[PDB]
Protein chains: 4
Amino acid sequence: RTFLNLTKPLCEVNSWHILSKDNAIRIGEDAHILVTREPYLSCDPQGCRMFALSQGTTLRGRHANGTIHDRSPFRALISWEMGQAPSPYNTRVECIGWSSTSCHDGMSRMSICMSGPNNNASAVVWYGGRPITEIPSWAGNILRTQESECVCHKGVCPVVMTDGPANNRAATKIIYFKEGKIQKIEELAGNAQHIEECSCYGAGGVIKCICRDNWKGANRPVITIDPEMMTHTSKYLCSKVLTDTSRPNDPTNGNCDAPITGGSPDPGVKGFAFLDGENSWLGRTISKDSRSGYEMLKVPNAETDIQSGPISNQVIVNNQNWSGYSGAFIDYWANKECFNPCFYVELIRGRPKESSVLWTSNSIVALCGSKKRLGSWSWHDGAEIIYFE
Amino acid sequence: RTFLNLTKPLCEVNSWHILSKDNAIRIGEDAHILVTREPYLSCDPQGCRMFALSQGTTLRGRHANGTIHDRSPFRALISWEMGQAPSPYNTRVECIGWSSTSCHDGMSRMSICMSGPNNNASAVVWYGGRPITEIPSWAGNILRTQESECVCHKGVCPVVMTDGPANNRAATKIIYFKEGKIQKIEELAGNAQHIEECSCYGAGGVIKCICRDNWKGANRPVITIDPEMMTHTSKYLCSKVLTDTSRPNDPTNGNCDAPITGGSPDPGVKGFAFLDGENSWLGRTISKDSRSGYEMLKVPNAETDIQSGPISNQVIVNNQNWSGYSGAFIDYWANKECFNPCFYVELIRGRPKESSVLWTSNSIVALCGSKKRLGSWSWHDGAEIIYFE
Amino acid sequence: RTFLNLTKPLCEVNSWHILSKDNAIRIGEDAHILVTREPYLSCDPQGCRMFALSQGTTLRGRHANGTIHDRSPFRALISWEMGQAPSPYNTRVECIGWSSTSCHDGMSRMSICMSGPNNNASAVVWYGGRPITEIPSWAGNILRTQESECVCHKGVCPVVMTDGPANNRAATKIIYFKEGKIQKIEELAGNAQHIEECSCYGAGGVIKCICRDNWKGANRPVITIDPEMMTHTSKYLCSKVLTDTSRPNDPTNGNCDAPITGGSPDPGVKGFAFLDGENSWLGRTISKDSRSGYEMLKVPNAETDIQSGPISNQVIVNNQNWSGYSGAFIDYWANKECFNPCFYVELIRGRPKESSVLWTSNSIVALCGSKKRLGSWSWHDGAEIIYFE
Amino acid sequence: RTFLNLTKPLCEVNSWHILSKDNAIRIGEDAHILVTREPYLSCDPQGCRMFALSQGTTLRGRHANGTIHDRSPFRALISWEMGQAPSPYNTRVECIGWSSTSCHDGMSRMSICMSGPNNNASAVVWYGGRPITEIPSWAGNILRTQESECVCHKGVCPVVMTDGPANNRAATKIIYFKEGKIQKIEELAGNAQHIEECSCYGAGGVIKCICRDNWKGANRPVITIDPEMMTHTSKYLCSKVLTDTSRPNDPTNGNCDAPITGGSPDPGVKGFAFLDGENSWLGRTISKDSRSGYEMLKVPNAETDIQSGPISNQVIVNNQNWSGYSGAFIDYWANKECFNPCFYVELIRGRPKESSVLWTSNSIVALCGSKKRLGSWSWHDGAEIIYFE
Ligand SMILES: *[C@@H]1O[C@H](CO)C(O[C@@H]2O[C@H](CO)[C@@H](O[C@@H]3O[C@H](CO[C@H]4O[C@H](CO)[C@@H](O)[C@H](O[C@H]5O[C@H](CO)[C@@H](O)[C@H](O)[C@@H]5O)[C@@H]4O)[C@@H](O)[C@H](O)[C@@H]3O)[C@H](O)[C@H]2NC(C)=O)[C@H](O)[C@H]1NC(C)=O
Ligand SMILES: *[C@@H]1O[C@H](CO)C(O[C@@H]2O[C@H](CO)C(O)[C@H](O)[C@H]2NC(C)=O)[C@H](O)[C@H]1NC(C)=O
Ligand SMILES: *[C@H]1O[C@H](CO)C(O[C@@H]2O[C@H](CO)C(O)[C@H](O)[C@H]2NC(C)=O)[C@H](O)[C@H]1NC(C)=O
Ligand SMILES: CC(=O)N[C@@H]1[C@@H](NC(=N)N)C=C(C(=O)O)O[C@H]1C(O)C(O)CO
Ligand SMILES: CC(=O)N[C@@H]1[C@@H](NC(=N)N)C=C(C(=O)O)O[C@H]1C(O)C(O)CO
Ligand SMILES: CC(=O)N[C@@H]1[C@@H](NC(=N)N)C=C(C(=O)O)O[C@H]1C(O)C(O)CO
Ligand SMILES: CC(=O)N[C@@H]1[C@@H](NC(=N)N)C=C(C(=O)O)O[C@H]1C(O)C(O)CO
Ligand SMILES: CC(=O)N[C@H]1[C@H]([C@H](O)[C@H](O)CO)OC(C(=O)O)=C[C@@H]1NC(=N)N
Ligand SMILES: CC(=O)N[C@H]1[C@H]([C@H](O)[C@H](O)CO)OC(C(=O)O)=C[C@@H]1NC(=N)N
Ligand SMILES: CC(=O)N[C@H]1[C@H]([C@H](O)[C@H](O)CO)OC(C(=O)O)=C[C@@H]1NC(=N)N
Ligand SMILES: CC(=O)N[C@H]1[C@H]([C@H](O)[C@H](O)CO)OC(C(=O)O)=C[C@@H]1NC(=N)N
Ligand SMILES: *[C@@H]1O[C@H](CO)C(O)[C@H](O)[C@H]1NC(C)=O
Ligand SMILES: *[C@@H]1O[C@H](CO)[C@@H](O)[C@H](O)[C@H]1NC(C)=O
Ligand SMILES: [Ca+2]
Ligand SMILES: [Ca+2]
Ligand SMILES: [Ca+2]
Ligand SMILES: [Ca+2]
């Protein structure tokens with residue numbers, strides 16, 4: 001074992017192949033499947049695992065009642081073998097909390113959870129399954145982080161965190177970790193005006209994080225991080241193809257340097273994009289209003305050209321089905337000459353959209369890049385809400 | 001440590017001993033057992049494992065309703081320790097799809113799943129637990145493969161695949177894989193007119209695949225593969241003993257080079273044979289019409305002799321019980337001077353044969369050869385359907 | 001790793017400490033616990049495991065109905081980590097059948113199961129978890145074995161098997177195994193008139209088997225095996241303290257060379273003794289009629305002296321509670337200068353004795369020698385049968 | 001792997017961070033969770049596990065009825081991976097009994113359990129998963145031990161055990177183990193008048209145990225053990241800050257050398273403190289009468305100064321929520337220059353306090369120190385009792 005470095009280029013991607021699906025809600029109708037939300041995947045030299053925020057109750061359990069609620073002393077980050085559903089019998093507790101990130105540096109995994117009350121939350125940073133570092137809230141307002149994997153280079157792993165209003169200017173820091181210990185802290189710099197829930201991946205010695213501006217913008221902020229100089233810049237996706245949820249119709253021109261406003265009724269959702277000049281893909285919900293459907297759109301020069309639009313699409317979840325959060329990960333230990341993009345989509349069931357049940361949970365689907373021109377179908381959740389009534 | 005070489009000859013077989021039985025439906029009446037179909041086993045240097053295509057639901061779950069249906073986005077190939085029943089707690093997800101194959105090359109396991117819509121399925125080829133290769137559909141008609149184990153020699157693992165009509169001429173390929181990467185693709189050549197669901201094994205550097213002609217033959221096609229040369233031939237099993245389901249009565253002579261047609265109402269079932277001159281055995285369901293009973297027939301020179309008939313028979317499942325698919329496997333890593341034949345029978349319960357239940361699923365029995373003359377009995381599923389009403 | 005050699009003497013025993021208890025019926029009332037019977041324990045260099053004959057159903061399952069029945073195609077030898085209850089999620093299938101034995105030789109574990117119809121049963125012998133040898137029925141009447149562990153010395157593992165009447169003269173053999181292969185077969189010789197269900201242990205290069213005579217004696221037969229020469233003798237336990245169940249009052253004298261008859265209503269139960277001069281301990285059910293209670297009795301020279309009586313006693317299960325089978329095992333790999341005797345008692349719940357339920361199952365308790373004078377209480381099952389009604 | 005040596009000082013602690021929370025009652029409402037009480041945590045070179053005394057029945061099981069009872073043949077010490085709820089499917093059985101301690105010495109784990117009747121209990125001492133030693137009751141009155149982890153130094157693991165009255169002068173011993181073998185046995189010396197349920201840690205070659213006086217004191221006895229010399233002293237914690245439950249209001253002065261009487265209705269609860277000069281912290285329930293709430297109090301010189309009061313506080317469980325036992329553990333194998341203090345709180349649910357249910361159980365929370373000033377919230381159990389009615 002060695003520290004991962006990020007000096008390979010991104011792979012060429014012409015379509016997306018099915019990597020994994022857990023069918024958690026279908027299985028959780030009967031077997032003992034934990035209630036969750038904010039899932040993702042993360043890899044290490046050995047393979048890949050699913051991660052999510054448990055609600056500290058099973059789906060059929062009476063305590064599922066009220067699981068719409070975001071933050072409780074009963075939530076923890078759990079991980080498990082990619083593909084299986086999360087039960088109390090197959091899940092590792094990574095840390096305790098209601099907001100998380102995790103990543104493997106080539107040697108060991110670092111996992112980070114926030115917990116506590118809204119005015120007094122704290123992060124505990126674990127490395128090798130051991131607690132290393134604690135960080136108190138600096139702004140006293142729901143200290144929080146990515147909800148998807150971080151990225152490490154040469155032992156250095158940056159993590160974007162935010163503390164402050166959901167609906168106004170907040171205080172975002174980039175913290176640089178090595179073996180769970182803080183190497184540097186940096187205030188957000190650049191033109192991104194609001195930063196939440198960054199989806200991050202590395203390629204070519206650089207880490208790109210594509211985020212949620214929950215304040216004003218229906219276009220997504222992008223933070224470029226040098227993990228060697230331990231510095232960063234920020235701005236917005238240039239493309240007119242707007243990828244936040246609640247968004248207006250796509251304008252004729254996007255805006256590299258300011259939030260483009262509009263959309264009703266939701267201020268944001270976690271999302272992602274891979275930005276590689278011509279080899280660029282943007283994900284989004286199919287609905288402009290709601291967390292339903294999911295589509296991948298190849299938009300050459302999305303990161304630099306305000307006029308860029310799709311040259312190809314793939315429907316991942318059709319617009320008759322609920323989606324939710326979406327984020328980036330890559331298996332950096334694959335036996336290839338390039339880093340192949342992968343993404344997951346969180347498939348939210350129950351409240352608020354389906355309120356014939358008392359709970360909110362989700363399942364997971366995950367896909368990676370193919371150089372081939374693969375056919376596709378919808379990878380929706382597939383559970384019958386009527387079975388839970 | 002090393003690549004499996006197919007050097008050894010086949011062991012003499014005079015009868016069949018019990019290897020494993022999972023009792024999955026009996027257990028699944030209570031415990032949390034996954035709905036499945038299309039099982040098989042496969043071994044590696046450490047031991048044997050059971051495989052099946054999950055339906056993404058447990059047997060007692062309400063989602064088990066409608067599981068007669070073959071293809072959905074909720075199926076995946078799962079594997080588990082031989083003899084246990086498949087639950088969400090003890091299963092490994094090998095890949096995502098509704099047709100599969102799997103084998104170990106002596107170093108690592110290759111696993112292959114097709115998924116996607118009928119007019120646009122794709123294969124994802126997995127090696128050592130990672131996705132290596134994707135293959136688009138070549139004929140836009142349910143790209144599909146073996147549904148039992150492949151076989152490797154010096155790192156080369158041939159896989160037989162088909163795309164095209166179930167009731168007409170289709171497009172079959174032999175794909176030769178080494179570490180999940182395509183070394184060669186051949187089009188099917190020879191006298192087999194239709195090819196599905198091949199059951200394969202190796203001995204003395206030759207791989208034989210005994211398959212299902214869903215188009216015409218109640219005789220089974222036989223593909224013979226040289227994995228060094230990476231070439232094949234194809235024809236039909238010569239014996240007058242027909243082993244497909246829905247077959248007519250055995251004629252006076254079989255045909256080596258052309259289908260023996262007939263029988264009603266079903267076109268085919270996956271089956272297998274071991275072919276080694278004198279030491280040749282054929283499995284078939286006992287009913288010539290439906291998937292019930294299972295028998296093993298020692299049919300000397302089945303592969304060469306149009307007049308060859310049984311000189312012994314072992315009842316595996318009595319004709320009062322449901323069977324289903326059957327397939328070949330060998331423990332190539334046995335401490336033995338020969339490769340001993342083994343097989344499984346899938347014990348299908350529920351629909352369409354038992355319509356008092358809303359689901360279709362199965363359990364597994366597995367047996368291997370013995371030089372001795374062993375007594376026997378029926379190894380039927382053993383669940384009571386009245387319990388599920 | 002090296003072959004186990006039986007070079008240590010038995011440790012001195014003056015009472016019995018608790019080793020394990022799985023509370024399988026209490027736990028199986030809600031959790032998913034397999035119906036079992038004929039349990040035992042067996043150790044290897046890494047530790048000890050619990051073993052039993054599963055009925056291929058869980059205890060609360062509808063298929064638990066009819067589990068009084070001894071032989072079916074749905075039974076398998078299962079082993080799990082000592083002190084756990086056996087559920088579908090934690091048990092390894094050792095082999096398939098309804099009579100077993102198992103032992104580790106210092107390198108790998110050998111397991112043996114019989115399956116088949118009464119007149120045509122067979123043994124399959126496994127070594128390192130792979131099948132090695134098959135042995136067909138020699139007398140066409142329920143080929144059967146120890147139902148507790150076998151013992152090895154320099155890789156030679158003898159096994160006692162019987163084929164023939166339960167109620168009359170049968171054909172017993174002693175089979176000498178090494179790595180699953182048969183080295184010698186001997187027919188039973190000496191004074192034991194009937195042999196079943198041998199509980200065997202080794203100390204100082206000699207193996208002793210304490211068996212069940214189902215035909216005549218309420219005294220237990222004793223086979224002495226030389227694992228090196230591969231020869232044996234047999235007679236009866238000399239002591240007047242009668243240990244089989246159904247048995248009459250203890251007579252004034254025992255008989256070394258012939259059975260002591262009487263008792264009602266039942267012909268026999270599996271049981272055991274440690275036999276070592278002054279250091280001799282006889283288990284038996286407290287009740288002389290039924291399978292209730294269990295007591296240990298120190299009877300010096302029980303083996304050789306027809307007049308030997310108890311000098312102390314420890315109640316293991318009180319006579320108000322159900323017992324069942326009992327048997328010998330030792331951790332031959334403990335860091336001790338002697339081999340310390342252990343035993344278990346099968347704690348049978350349900351039919352025939354408790355007919356308010358439709359099933360038969362058991363739980364387990366295991367205790368080992370102490371050189372100390374330990375207090376004791378009853379280790380009865382502890383499930384409340386009314387919960388199951 | 002070598003013997004752990006208590007060579008490092010205790011870390012500076014200013015605040016407590018969340019380590020783990022198993023949410024076992026919430027999860028056990030549906031999923032098959034073992035009823036437990038008397039939990040703790042213990043670490044080894046590889047990670048930390050949770051430990052509890054199981055009741056040999058699951059939480060929703062009908063046998064949960066009556067689990068208020070402290071002692072039965074159906075209890076066992078179980079260990080599981082930290083963060084998980086204890087189920088039949090993920091727990092190791094450490095030993096059998098109703099009182100326990102456990103600790104790892106850097107090489108292997110020693111685990112000790114007492115079982116038996118009140119007047120004839122015995123301890124079994126286990127090492128590396130094998131039983132090594134047995135200790136009979138010396139006073140015929142419920143031989144019993146710490147209910148939390150022991151501590152080892154150069155292979156020598158002291159354990160505090162008591163035998164004799166709960167409400168009068170009892171007979172306490174300090175037993176020094178090495179690889180499960182007795183090195184030395186001392187009778188309690190010093191001014192502690194009654195000793196139960198010691199919580200022990202190590203720093204700079206010294207072991208401190210903060211115990212429970214069930215007889216007269218609302219202050220806590222403290223034993224200071226030299227593991228190299230194998231000698232101890234005892235007294236009471238000096239501070240006016242009384243930390244047993246039932247206690248009176250805190251007095252003007254404490255008492256280092258005699259119990260301080262008073263409080264109602266409870267004679268005692270298991271508790272803990274870390275004593276390190278200015279860096280000293282005392283746990284106690286928030287309620288003086290009852291096992292509700294839990295608070296950490298930084299009391300400089302608590303160990304030497306009768307007038308020492310709190311300089312800071314952390315609410316661990318609010319006084320509207322039930323707590324229970326509490327105890328000390330340290331990850332001695334952390335990659336840190338100091339030994340960092342951790343503790344758990346047993347969060348008791350059911351009887352006697354909540355008698356709309358027929359059972360008594362608990363969940364667990366654990367926390368470790370921080371040099372930081374971190375915010376906090378209440379880590380209550382989180383289950384709704386109405387759901388179990
Ligand atoms: C966010 O959480 C952070 C944690 O870093 C906050 O910080 C804590 O802040 C407090 C000041 O607000 C701390 O307080 C002080 O306590 C010491 C000693 O306290 C104990 O002893 C005295 C005398 O015996 C009692 O009167 C105290 O009674 C308070 O605490 C107990 C719980 O133990 C509670 O049950 C009582 O009702 C009562 O509120 C107590 O037992 C005093 O000498 C001092 O004057 C002051 O009160 C605390 O030390 C500090 N903790 C840590 C850890 O840093 C902050 O409060 C939170 N911020 C926000 C915005 O909420
Ligand atoms: C980046 O990480 C790679 C992958 O390990 C790396 O390593 C190799 O490069 C050297 C020469 O520079 C070799 O000759 C090795 O054969 C290569 N090793 C492997 C395992 O592929 C780079 O050195 C790392 N670069 C930096 C800047 O850290
Ligand atoms: C506690 O239990 C132990 C063990 O059973 C015990 O010892 C036995 O004593 C009785 C009566 O004196 C006997 O006759 C047995 O032979 C003794 N057995 C052993 C194994 O030593 C004590 O009697 C019991 N002590 C108390 C106080 O009950
Ligand atoms: C799963 C589902 O029913 N999805 C609806 C979808 N359906 C179709 N286009 N058919 C259309 C939208 C939408 O674009 O508004 O999103 C959904 C919707 O109605 C809302 O979000 C409003 O609450
Ligand atoms: C399991 C079972 O009972 N199977 C039936 C079998 N049974 C007996 N011969 N007992 C008889 C036949 C048959 O004669 O065609 O095949 C089976 C059949 O499918 C049908 O009869 C019609 O569905
Ligand atoms: C567990 C239990 O209650 N067992 C009964 C037992 N009970 C008591 N001694 N209390 C009495 C005896 C006996 O000693 O013969 O045997 C048992 C019995 O059922 C029968 O004898 C009739 O079949
Ligand atoms: C968890 C809970 O409700 N606990 C009660 C709590 N008070 C309140 N939460 N209101 C505080 C006390 C107390 O300080 O004595 O008393 C507790 C109590 O109910 C009893 O002692 C009854 O025996
Ligand atoms: C820390 C936290 O509670 N984050 C919230 C997050 C959120 O409120 C915002 O992004 C607004 O600031 O939104 C959502 C969401 O569904 O929009 C889920 C997250 N839930 C959890 N991570 N548990
Ligand atoms: C890919 C696919 O759906 N294959 C079918 C297969 C089939 O339809 C034919 O062979 C005719 O083309 O038949 C059966 C069958 O039971 O006959 C099950 C297989 N199901 C699954 N593999 N999932
Ligand atoms: C092979 C077989 O069925 N053995 C029987 C055994 C028995 O019948 C005799 O000893 C008489 O010959 O009795 C019992 C018994 O409880 O008496 C259980 C065993 N059950 C099982 N091993 N499965
Ligand atoms: C051996 C035993 O039963 N110990 C009791 C203990 C106790 O009774 C006393 O400390 C008085 O001596 O109190 C408690 C308690 O909740 O107070 C739990 C323990 N229960 C168990 N450890 N099982
Ligand atoms: C769900 O939770 C609600 C608010 O806490 C409530 O009061 C309701 O009764 C409860 N419902 C069920 C069915 O548990
Ligand atoms: C509770 O246990 C007691 C003691 O045996 C009892 O009798 C009662 O019926 C049990 N209650 C239930 C609901 O089982
Ligand atoms: Ca937005
Ligand atoms: Ca056909
Ligand atoms: Ca008898
Ligand atoms: Ca007290």
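Just so we're on the same page: letters track the sequence lines, and every chain starts at 1. Order of appearance sets the numbers: ligands from 1, and atoms from 1 within every ligand.
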TODO: May I ask whether B:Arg37 places a heavy atom under 4.0 Å from ligand 9?
DONE: yes
TODO: Between B:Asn214 and ligand 9, find which residue part has any heavy-atom pair under 4.0 Å and reply side chain, backbone, both or neither.
DONE: side chain
- [ ] Please test B:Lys270 against B:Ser326 for side chain to side chain donor-acceptor pair (under 3.5 Å), starting from the C-alpha separation and ending with a verdict.
- [x] CA-CA 6 Å; B:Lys270 173 171 176 71; B:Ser326 39; over 6 Å; no
TODO: Please lay out, stage by stage, how A:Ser54 and A:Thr36 fare under the test side chain to side chain donor-acceptor pair (under 3.5 Å).
DONE: CA-CA 4 Å; A:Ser54 190; A:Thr36 59; over 6 Å; no
Open item on the list: Has C:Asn321 got a side-chain atom pairing as donor or acceptor with C:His380's backbone, closer than 3.5 angstrom?
Closed with: no
Show the distances, to 0.1 Å, for all pairs joining an N/O atom of ligand 13 and a protein N/O atom that are shorter than 3.5 Å, listing one pair per line.
unit_1: ligand 13; atom_1: 2 (O); unit_2: D:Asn65; atom_2: OD1; d: 3.2
unit_1: ligand 13; atom_1: 2 (O); unit_2: D:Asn65; atom_2: ND2; d: 2.4
unit_1: ligand 13; atom_1: 11 (N); unit_2: D:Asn65; atom_2: ND2; d: 3.1
unit_1: ligand 13; atom_1: 14 (O); unit_2: D:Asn65; atom_2: ND2; d: 3.4

Task: Nearest heavy atoms of B:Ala192 and B:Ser234, plus distance in Å - done: N-OG, 3.1 Å
Task: Ligand-residue contact atoms, ligand 9 with B:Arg291, heavy atoms, under 4.0 Å - done: 15 (C), 16 (O), 17 (O)
Task: Residues D:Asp30, A:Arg60: salt bridge by 4.0 Å N-O rule - done: no
TODO: Might you confirm whether atom CD of A:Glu389 has over 12 heavy atoms from other residues, nucleotides or ligands at distances under 6.0 Å?
DONE: yes
Open item on the list: So if I count the atoms of ligand 9 from 1 in the order they appear, which ones are less than 4.0 Å from some heavy atom of B:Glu147?
Closed with: 22 (N)
TODO: Would you confirm whether any non-hydrogen atom of the protein falls under 4.0 Å from atom 8 (O) of ligand 9?
DONE: no
Open item on the list: Against ligand 9, does B:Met114 come closer than 4.0 Å with any heavy atom?
Closed with: no
Task: atom 20 (N) of ligand 9: nearest protein contact (heavy atom, Å) - done: B:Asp70 OD1, 3.0 Å
Open item on the list: Taking the ring of D:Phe74 and the ring of D:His69, is the distance between their centroids below 6.0 Å?
Closed with: no
TODO: Could you tell me whether the SG atom of B:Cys209 lies less than 2.5 angstrom from the SG atom of B:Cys198?
DONE: no
Open item on the list: Using a plain distance cutoff, I'd like to know if B:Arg71 has any nitrogen or oxygen under 3.5 Å from a nitrogen or oxygen of ligand 9.
Closed with: yes
Open item on the list: For the residue pair D:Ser363 / D:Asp381, report whether a side-chain donor-acceptor contact shorter than 3.5 Å exists.
Closed with: yes
Task: Reference residue B:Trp359; test side-chain contact (heavy atoms from CB on, under 4.5 Å); the match among B:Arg349, B:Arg62, B:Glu354, B:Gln55 - done: B:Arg349
Considering only N or O atoms, set out every pair between ligand 12 and the protein closer than 3.5 Å, with distances to one decimal place.
unit_1: ligand 12; atom_1: 2 (O); unit_2: A:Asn65; atom_2: OD1; d: 3.3
unit_1: ligand 12; atom_1: 2 (O); unit_2: A:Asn65; atom_2: ND2; d: 2.7
unit_1: ligand 12; atom_1: 11 (N); unit_2: A:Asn65; atom_2: ND2; d: 2.9
unit_1: ligand 12; atom_1: 14 (O); unit_2: A:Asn65; atom_2: ND2; d: 2.9

- [ ] Would you mind listing which atoms of ligand 9 come within a distance below 4.0 Å of any non-hydrogen atom of B:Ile142?
- [x] 1 (C)
- [ ] Look at the side chain of B:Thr261 and the backbone N and O of B:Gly217, then say whether any donor-acceptor pair between them is shorter than 3.5 Å.
- [x] no
Task: Numbering as shown, the atoms of ligand 9 that approach B:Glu196 to under 4.0 Å (heavy-atom distance) - done: 9 (C), 10 (O), 11 (C), 12 (O)
TODO: Output the list of atoms in ligand 9 that are nearer than 4.0 Å to some heavy atom of B:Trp98, sorted by atom number.
DONE: 1 (C), 21 (C), 22 (N), 23 (N)
Task: Proximity flag B:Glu346 to ligand 9, non-hydrogen atoms under 4.0 Å - done: no
Open item on the list: What I'd like to find out is whether the side chain of D:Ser356 reaches to under 4.5 Å of the side chain of D:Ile385, using heavy atoms alone.
Closed with: yes
Task: Separation of B:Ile195 CD1 from B:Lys173 NZ (nearest 0.5 Å) - done: 15.0 Å
Open item on the list: Determine whether B:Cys150 and B:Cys103 satisfy the following criterion, disulfide bond (SG atoms under 2.5 Å apart), listing intermediate values before the conclusion.
Closed with: CA-CA 5 Å; B:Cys150 40; B:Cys103 49; 2.0 Å; yes
TODO: Please determine if B:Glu196 and B:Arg212 form a salt bridge, counting it only when a charged side-chain N lies under 4.0 Å from a carboxylate O.
DONE: yes
Open item on the list: Only heavy atoms of B:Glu197, strictly under 4.0 Å: list the atoms of ligand 9 that pass.
Closed with: 6 (C), 10 (O), 13 (O), 19 (C)
- [ ] Provide the number and element of each atom of ligand 9 under 4.0 Å from a heavy atom of B:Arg75.
- [x] 23 (N)
Task: Atom pair CH2/CZ of D:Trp377 and A:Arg71 - distance to nearest 0.5 Å - done: 7.5 Å
Open item on the list: Does only the side chain of B:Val269 get under 4.0 Å from ligand 9, or the backbone, or both, or neither? Count heavy atoms.
Closed with: neither
Task: Where B:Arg75 and B:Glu38 come nearest, the two heavy atoms and their spacing - done: NH2-OE1, 2.9 Å
Open item on the list: Parallel, tilted or perpendicular, judged at 30° and 60°: which one describes the rings of B:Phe272 and B:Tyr294?
Closed with: parallel
Open item on the list: Return the closest protein heavy atom for atom 15 (C) of ligand 9 as residue, atom name and distance.
Closed with: B:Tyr325 OH, 3.0 Å
- [ ] May I ask you to identify, for B:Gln55, whether its side chain, its backbone, both or neither come under 4.0 Å of ligand 9 on a heavy-atom basis?
- [x] neither
